[PDB]
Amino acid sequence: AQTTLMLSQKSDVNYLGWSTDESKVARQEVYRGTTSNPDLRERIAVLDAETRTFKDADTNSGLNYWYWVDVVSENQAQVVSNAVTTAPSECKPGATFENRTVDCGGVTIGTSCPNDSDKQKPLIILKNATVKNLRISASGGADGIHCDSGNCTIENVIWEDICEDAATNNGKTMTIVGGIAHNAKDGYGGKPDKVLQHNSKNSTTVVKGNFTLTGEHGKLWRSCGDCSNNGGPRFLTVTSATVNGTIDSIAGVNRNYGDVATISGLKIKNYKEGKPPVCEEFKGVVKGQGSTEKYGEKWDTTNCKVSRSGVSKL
């Protein structure tokens, strides 16, 4: 088995994101040191087997740090990641991956993110494919990653500043496994909007592995509200995610099209009921054939399958 680790620094917090192919994970341990010597690293956290992200806010400004993540199997196997530090090739813009998994090895890719653009291109297109360990540059997020057919997995991807959006589901099932997505007010792409855009129908967007949002965001997922040839049903399944920053709302479902958002394991910084609203119901429309409407935040309804127990203060 193997584990690949990536690091992203945000607001004096070091965020770690990793992917692992170990199938029987029991626990995961985070190690840190002030030097590159792995023999001197010391454990700073013991985590459950499901998360794929971690945040370290206990560092001093005058030091550099090295991190490693040890994925421990039920049978004592130590699957240790590469080291990452704060100390100062198939994955290229426009690439399409089909029916296979591509490990980007932690490289960075990006093009641009022009102000006021009406159309931007995807950096990576997946067709029943998986991409893992990739960083999207702050100034070149363009239209993120597209799942254009079948089942796609976006595993341990870091968006330094989401441009139009982070990922788009134009396929059957798009799964986000871990990853860290940053957005900011006045950042690239304008006012923060959605992270995950969902256009296909009879399809699902899945969020797990403690996908983490940092900075300021519009919403985590939106079933297209006014797409050409709009309709549904569109589904969202959230089992583990964290918002360590601010967000306007979490999910937007078009209840008239049968959309259903099923949410639990959601942690939000300083969460208060209604701040932010989690699942909101809307009326979706076909472009040019009517106006959308917002009905409001809902709990335990047909289309908003989220209970108060599904969301908590981080």
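Heads up: residue numbers just count along the shown sequence, starting at 1.
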Looking at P88 and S89, the deposited sequence has unmodelled residues in between totalling 10 or more
Per the entry, where is the mean C-alpha temperature factor higher: 126 to 134 or 103 to 111?
103 to 111
With respect to the recorded C-alpha B factors, which stretch has the higher mean value, 204 to 212 or 185 to 193?
185 to 193
From the list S23, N14, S19, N303, select the residue with the highest C-alpha B factor recorded in the entry.
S23
Hey, out of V71, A83, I176, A95, whose CA B-factor is highest in the deposited coordinates?
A95
So, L40's CA B-factor, relative to its chain, sits in which third? The middle
Which third, lowest, middle or highest, does the C-alpha temperature factor of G232 belong to within its own chain?
highest
Determine, from the deposited record, the chain-internal third of the Cα B-factor for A57: lowest, middle or highest.
highest
Could you look up the Cα B-factor of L5 in the entry and say which third of the chain it sits in: lowest, middle or highest?
lowest
Among the chain's modelled residues, which third holds the C-alpha B-factor of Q289?
highest
